[PDB]
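Undergrad: Line by line, the protein sequences are chains A, B, C, D, E, F and G. Numbered per UniProt numbering, the first sequence spans residues 53 to 62, 73 to 102. Its first residue numbered 153, the second sequence is counted upward by one per residue in UniProt numbering. Numbered per UniProt numbering, the third sequence spans residues 204 to 302, 312 to 358, 369 to 394, 402 to 454. Numbered per UniProt numbering, the fourth sequence spans residues 312 to 358, 369 to 394, 402 to 554. Numbered per UniProt numbering, the fifth sequence spans residues 53 to 62, 73 to 253. Its first residue numbered 505, the sixth sequence is counted upward by one per residue in UniProt numbering. Its first residue numbered 505, the seventh sequence is counted upward by one per residue in UniProt numbering. All C-beta atoms in this analysis are idealised placements derived from N, C-alpha and C, irrespective of residue type, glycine included. Structure provided below as structure tokens; questions to follow.
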Amino acid sequence: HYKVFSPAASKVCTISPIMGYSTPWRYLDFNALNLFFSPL
Amino acid sequence: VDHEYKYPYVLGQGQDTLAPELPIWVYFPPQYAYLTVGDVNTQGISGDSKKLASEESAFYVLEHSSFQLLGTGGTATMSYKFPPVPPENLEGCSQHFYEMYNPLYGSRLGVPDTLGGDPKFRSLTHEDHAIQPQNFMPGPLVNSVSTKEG
Amino acid sequence: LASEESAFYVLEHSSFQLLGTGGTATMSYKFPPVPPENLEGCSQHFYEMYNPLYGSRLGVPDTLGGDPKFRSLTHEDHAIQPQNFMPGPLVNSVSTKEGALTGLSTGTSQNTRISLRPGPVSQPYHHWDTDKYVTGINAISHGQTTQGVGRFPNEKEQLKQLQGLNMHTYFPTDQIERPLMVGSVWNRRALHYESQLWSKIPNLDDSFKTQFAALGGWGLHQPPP
Amino acid sequence: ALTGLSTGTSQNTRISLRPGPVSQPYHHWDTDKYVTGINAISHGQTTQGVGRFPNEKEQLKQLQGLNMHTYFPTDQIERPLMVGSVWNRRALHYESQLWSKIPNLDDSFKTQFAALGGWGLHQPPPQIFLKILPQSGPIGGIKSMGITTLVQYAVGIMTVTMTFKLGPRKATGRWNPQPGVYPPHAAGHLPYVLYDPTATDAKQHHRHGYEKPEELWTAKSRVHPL
Amino acid sequence: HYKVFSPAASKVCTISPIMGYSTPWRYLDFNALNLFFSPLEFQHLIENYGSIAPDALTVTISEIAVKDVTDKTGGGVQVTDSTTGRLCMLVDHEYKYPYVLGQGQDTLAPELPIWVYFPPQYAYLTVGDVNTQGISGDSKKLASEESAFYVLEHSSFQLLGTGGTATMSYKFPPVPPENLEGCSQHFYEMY
Amino acid sequence: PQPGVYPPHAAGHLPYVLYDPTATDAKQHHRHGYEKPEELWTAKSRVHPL
Amino acid sequence: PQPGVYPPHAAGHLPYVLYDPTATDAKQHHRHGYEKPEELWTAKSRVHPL
């Protein structure tokens, strides 16, 4: 199920309340230099 | 594979969604979610506002696209070519860009000594290195202060 | 005290030429393509590029508030003429009258500073205003006239383009510094007879409009060896 | 008095810097109101009166909105042009100018777009100057005619053809429809349509049946992800 | 006649009093987007395309008619066609003369095709020395060696008779296109 | 200009977009945030003479 | 005419020319007859429209 992301906004909050979509898909993430180089 | 960047890009935001740092750990890929624009709508009396969806809100359904179905034991490859980007320098500097002069010799230029409507200028010596004229300015700083200043 | 990063150079450790009496040796260097320095001025103010006979079709605010009203501009209110391009940035472009280490300087405390004279080439430090010679607090003197009166270039072309000294900038509030605005136009400090001809751009990670050195001439990443 | 962004040598000797850089708006629809900047330029007025400005929604969406404070640990409006910045230019609207000449000064920074709209050009469309060649009046045996000029005026048809390079619409993968490309709203009834003002209910008869929108036709209706 | 434009300066004034020259020449001003697109055509443009950038320009002065005006019978004036009258047209391809287009002034060609254009009179502003008017204290920018006095009659221009035509072409530089499409995300909410 | 090709209107908020019914004050909570237009999307918005 | 390209003015008599300081009433005998202009020679005498 696609879900909506809409928390309540009313201490510091964002400029405006956020909204988005959560999808049933997972996505790869390898955005790091240390994932490709061992310490040696 | 979002080759055409059709769906919102959430990588490269410092999120705790990264692959494990050692090869002996199992990667649990993050669930895909994104943030889109909308209309701020008040929730009655309380004044609390929610970003309700709007006509500009982008509702992306990934099932409405052509993707691959891979069975057990299958494989699939993606290739990508980075654009030409400035290389990151792995070596430092042994000089200060504001100390790029000859310490033995004073400047041929002069600096103000007495101010006013008719200022007088004094010639520079090597005993006052703090007033040596600079060819290039330092880089911009915006709120570059320590936590003790804040 | 010297550290591990301290660069101690022994020039006798490299190969060089030994030349006897009557000998000769030549060095050749090719300058990188650089922006030529314009030898000609401007007969107009970039903010007076409009037709003086006709008012603008664009109105400007007249009454402020939550529901402001706008007035169409006549042909005699030229102080409110809209501008297509912004003036160039000014950083401490003040005169000695309005200005130990003086002028533009940066450091860790009042007593621990280094001077940033003469400042960016985008601003002058001496020019002939309408009836007086105005010298900036960040002025460098290519010699002096007899300590005494300094010898400076006359930056009339920068005075003509909103870059003059003590040119205030008002944000509705009053200050001297002009931020580098998008769509800005400015004149560089004019090349003069005694100016230096080049200077090495420090090979830092990034640079912004380092084509011309503040002391004069051109900024070169590989200057004459 | 002169308001807005202005530069000069004194409070009484200034020039206005309106509308300011293209990196910032001067009018946009906020959450519940139309916020208009102090540096705003109005392409005409609606019945001195209320101004006509574009809706700079795209700049408001990207931290460039009006009265957007920036805090440094300490509360000001001015934002430095910091390294790695991203911003939206003021949107091109229907009534905007198409070009302006960049003054050929020594240096310029991001002068690709003029503040009043259009594109800044170092060699813009050349100026075409027209006049009528004067013709002398009769001089001779007539009784003290004197030097005169023949009463001549010129007419003609000036035809201008401009080509615009056009880019294809970006591909969209949304499920929901893109926002409709709304024709802009007029102060009374509809814009760009000749109509009978007497048949309308509004009192906006001063324009005599043909009206322009109060909001400058700004486009940028269809949206794409970042 | 060429006139000098030097209003007196002394309520907010400019940094320096403005001085310029007014010439007997008119010029064409068509620097507007609405002149080239009808509302329907602009709607089509913003609906079917995602970016726009000027490419080329062509200006044609056709159906030229220099007309003499004489006294009409019973009062009034009457208008006749002149076979000897000429129209001086000069295209400033070299940008020799000061450029006053693009400053957003009420000099544009009419928005509707049914109206008649009245090209604005050419004038420009140039530099000078600010001189005080004695004890009064008022200042005026007087002409100098740096003041640019341009006489357009000191250059070669076309004399076009009645019914003549004259064309001008221009090629825009590769300017950045203006995006016609918005954004469905905030750049600070891309996480 | 031709009449705008309006996206269809829904009984509550907007159609074909997944919204949060609790955020909205509309009474179409039964659809659970995804709604259909109350008028069938018909096209034929741009008009031409006869 | 364009503004003249004047050679720069010197504090006493003329610059870049060797003169007899005793032959003039200038107060710059310390330069011994050869002088630098008090203003740096900057060019940009000829102006063009923007």
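1. Decide if E/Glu240 is buried, meaning its Cβ has at least 16 other Cβ atoms within 10 Å, or exposed.
2. Flag this pair as yes or no: are the beta carbons of A/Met81 and A/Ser58 separated by less than 7 Å?
3. Which same chain residues end up closer than 6 Å to D/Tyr337 when comparing Cβ atoms and leaving out the 5 residues on each side of it in sequence?
4. What are the residues of the stretch 99-120 of chain E that lie near chain G, defined by any Cβ-Cβ distance shorter than 8 Å?
5. Taking contact to mean at least 3 C-beta pairs separated by less than 8 Å, is the stretch 453-472 of chain D in contact with the stretch 143-160 of chain E?
6. Note the first and the last residue of the continuous alpha helix (DSSP H) segment covering C/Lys378.
7. Any Cβ of chain B within less than 7 Å of the Cβ of D/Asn388?
8. Would you verify that the beta carbon of F/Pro512 is, or is not, closer than 7 Å to some beta carbon of chain E?
9. How long is the line joining the alpha carbons of C/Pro264 and D/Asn376, rounded to whole angstroms?
10. 7 Å is my cut-off, CB to CB: does E/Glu208 come that close to chain G?
11. Beta-carbon within less than 7 Å of D/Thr318's beta-carbon, same chain only, minus the 5 sequence neighbours each way: which residues are those?
12. Taking the straight line between their C-alpha atoms, what separation do you get for A/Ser78 and C/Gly412?
13. If you follow the beta strand (DSSP E) that B/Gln183 is in, where does it begin and where does it stop?
14. List the residues of chain A whose Cβ lies closer than 7 Å to the Cβ of F/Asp524, in chain order.
15. Considering only the alpha carbon of each residue, which of C/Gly225, C/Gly244 and C/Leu426 lies closest to E/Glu207?
16. Just verifying my parser: in three-state terms, what is the DSSP assignment at C/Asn388?
17. For the beta strand (DSSP E) that E/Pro86 lies in, which residues bound it at each end?
18. Per DSSP, what kind of secondary structure is B/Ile197 in: helix, strand or coil?
19. Around the C-beta of C/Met389, are 16 or more other C-beta atoms found within 10 angstroms, so that it is buried, or is it exposed?
20. Restricting to Cα atoms, I'd like to know which of F/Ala514, F/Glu542 and F/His536 is closest to A/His53.
21. Relative to the alpha-carbon of D/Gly465, which residue among E/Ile126, E/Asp130, E/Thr76 and E/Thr142 has its alpha-carbon at the smallest distance?
22. Within 8 Å, do at least three Cβ pairs link the stretch 160-168 of chain E to the stretch 435-449 of chain D?
23. Any beta-carbon of chain B closer than 7 Å to the one on E/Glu243?
24. If you compare alpha carbons, which of C/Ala442, C/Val414, C/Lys344 and C/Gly315 is closest to C/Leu426?
25. Using a beta-carbon distance below 7 Å, is E/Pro160 in contact with chain G?
26. Look up D/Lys459 in the DSSP assignment and give the residues it is bridged to.
27. Check whether the Cβ atoms of C/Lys300 and B/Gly269 sit closer than 7 Å, and answer yes or no.
28. Looking at the unbroken alpha helix (DSSP H) that takes in B/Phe273, where does it start and where does it end?
29. Considering only residues of the same chain and omitting the five flanking positions on each side of F/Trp545, which have a CB-CB separation below 6 Å?
30. If you check the beta carbons only, do F/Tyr538 and D/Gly508 fall under 7 Å apart?
31. Nearest by alpha-carbon distance to A/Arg88: which of B/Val178, B/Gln183 and B/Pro175 is it?
32. Can you name the residues of chain C whose CB is closer than 8 Å to the CB of B/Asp265?
33. Take the Cβ of D/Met490 as the centre, count every other Cβ of all protein chains shown within 10 Å, and call the residue buried at 16 or more, exposed below.
34. What residues in the stretch 345-357 of chain C bring their beta carbon closer than 7 Å to a beta carbon of chain G?
35. Could one say the Cβ of C/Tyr257 lies closer than 7 Å to chain G's Cβ atoms, at least one of them?
36. Does any residue of chain E have a CB that is nearer than 7 Å to the CB of B/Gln183?
TA: This is what the structure gives:
1. To locate residue 240 of chain E, count along the fifth sequence from 1; it is residue 178. Its Cβ being crowded by 16 or more others within 10 Å, E/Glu240 is buried.
2. As a position in the first sequence, residue 81 of chain A is number 19, starting the count at 1. As a position in the first sequence, residue 58 of chain A is number 6, starting the count at 1. Yes. Within cutoff.
3. As a first step, residue 337 of chain D must be located in the fourth sequence, where it is residue number 26. Only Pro330, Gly348, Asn350 and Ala351 meet the Cβ criterion.
4. none
5. yes
6. Indexing the third sequence from 1 puts residue 378 of chain C at position 156. First-last of the alpha helix (DSSP H) with C/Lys378: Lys378 to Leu381.
7. Start at 1 with the first residue of the fourth sequence, and residue 388 of chain D comes out as number 67. It does not: the Cβ of D/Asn388 has no partner Cβ on chain B nearer than 7 Å.
8. As a working mapping, residue 512 of chain F is identified with position 8 in the sixth sequence. No, F/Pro512 does not count as interfacial toward chain E.
9. Sequence index remark: in the third sequence, residue 264 of chain C carries index 61 (1-based). Sequence index remark: in the fourth sequence, residue 376 of chain D carries index 55 (1-based). Roughly 17 Å separates the two Cα atoms.
10. Counted from its first residue, the fifth sequence places residue 208 of chain E at position 146. By this cut-off, E/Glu208 is an interface position.
11. Along the fourth sequence, read from residue 1 onward, the residue named residue 318 of chain D stands at position 7. Only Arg325, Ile326 and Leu328 meet the Cβ criterion.
12. Translated into positions along the first sequence, residue 78 of chain A becomes position 16. Translated into positions along the third sequence, residue 412 of chain C becomes position 183. Inter-residue distance for A/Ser78 and C/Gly412 is about 30 Å (C-alpha atoms, whole angstroms).
13. Stepping through the second sequence from its first residue, residue 183 of chain B is reached at position 31. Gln183 to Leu187 is the span of the beta strand (DSSP E), which, as asked, contains B/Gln183.
14. Mapped onto the sixth sequence, residue 524 of chain F falls at position 20. Ordered by position in chain A, the residues that pass the 7 Å Cβ test against F/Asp524 are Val56 and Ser58.
15. For this step, residue 207 of chain E is matched to residue 145 along the fifth sequence. Of C/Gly225, C/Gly244 and C/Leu426, the residue nearest in Cα terms is C/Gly244.
16. Along the third sequence, one-based indexing puts residue 388 of chain C at 166. DSSP places C/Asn388 in coil when its eight states are reduced to three.
17. Here residue 86 of chain E corresponds to residue number 24 of the fifth sequence, with the count starting at 1. Note, E/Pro86: beta strand (DSSP E), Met81 to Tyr89.
18. For the purposes of this step, residue 197 of chain B is taken as the residue at position 45 of the second sequence. Note: B/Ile197 maps to helix in three-state DSSP.
19. Within the third sequence, the letter at position 167 stands for residue 389 of chain C. So C/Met389 ends up on the buried side.
20. Stepping through the first sequence from its first residue, residue 53 of chain A is reached at position 1. Ranking the options by Cα distance to A/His53, first place goes to F/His536.
21. The sequence position of residue 465 of chain D within the fourth sequence is 137, counting from 1. Among E/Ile126, E/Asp130, E/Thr76 and E/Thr142, the Cα nearest to that of D/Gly465 belongs to E/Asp130.
22. yes
23. Numbered from 1 along the fifth sequence, position 181 holds the residue referred to as residue 243 of chain E. It does not; no Cβ of chain B falls within 7 Å.
24. By one-based count along the third sequence, residue 426 of chain C stands at place 197. Among C/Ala442, C/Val414, C/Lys344 and C/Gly315, the Cα nearest to that of C/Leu426 belongs to C/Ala442.
25. For the purposes of this step, residue 160 of chain E is identified with residue 98 of the fifth sequence, where counting begins at 1. Taking Cβ atoms only, chain G reaches closer than 7 Å to E/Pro160, which makes this a yes.
26. If you number the fourth sequence from 1, residue 459 of chain D lands on position 131. The partner list for D/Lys459 (beta bridge, DSSP) reads E/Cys150.
27. Position 97 of the third sequence, counting from 1, holds the residue named residue 300 of chain C. Position 117 of the second sequence, counting from 1, holds the residue named residue 269 of chain B. Judged by their CB atoms, C/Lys300 and B/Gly269 are nearer to each other than the 7 Å cut-off.
28. On the second sequence, position 121 is the one that residue 273 of chain B refers to. It is not in any alpha helix (DSSP H) - B/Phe273 instead sits in the beta strand (DSSP E) that spans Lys272 to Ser275.
29. Here the question's residue 545 of chain F lines up with position 41 in the sixth sequence. Answer for F/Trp545: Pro512, listed in chain order.
30. Numbered from its first residue, the sixth sequence carries residue 538 of chain F at position 34. Numbered from its first residue, the fourth sequence carries residue 508 of chain D at position 180. Cβ distance not < 7 Å, so F/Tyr538 and D/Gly508 don't count as in contact.
31. In the first sequence, residue 88 of chain A corresponds to position 26, counting from 1. The closest CA to that of A/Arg88, considering only B/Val178, B/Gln183 and B/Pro175, is found on B/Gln183.
32. The sequence position of residue 265 of chain B within the second sequence is 113, counting from 1. Going along chain C in sequence order, the residues near B/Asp265 (Cβ under 8 Å) are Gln369.
33. Indexing the fourth sequence from 1 puts residue 490 of chain D at position 162. It is buried - the Cβ of D/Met490 has at least 16 other Cβ atoms within 10 Å.
34. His354, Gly355 and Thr357
35. Counting from one through the third sequence, the residue named residue 257 of chain C turns up at place 54. No, no contact with chain G.
36. Within the second sequence, numbered from 1, the residue matching residue 183 of chain B stands at position 31. Answer no: the Cβ-Cβ gap between B/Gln183 and chain E never drops below 7 Å.
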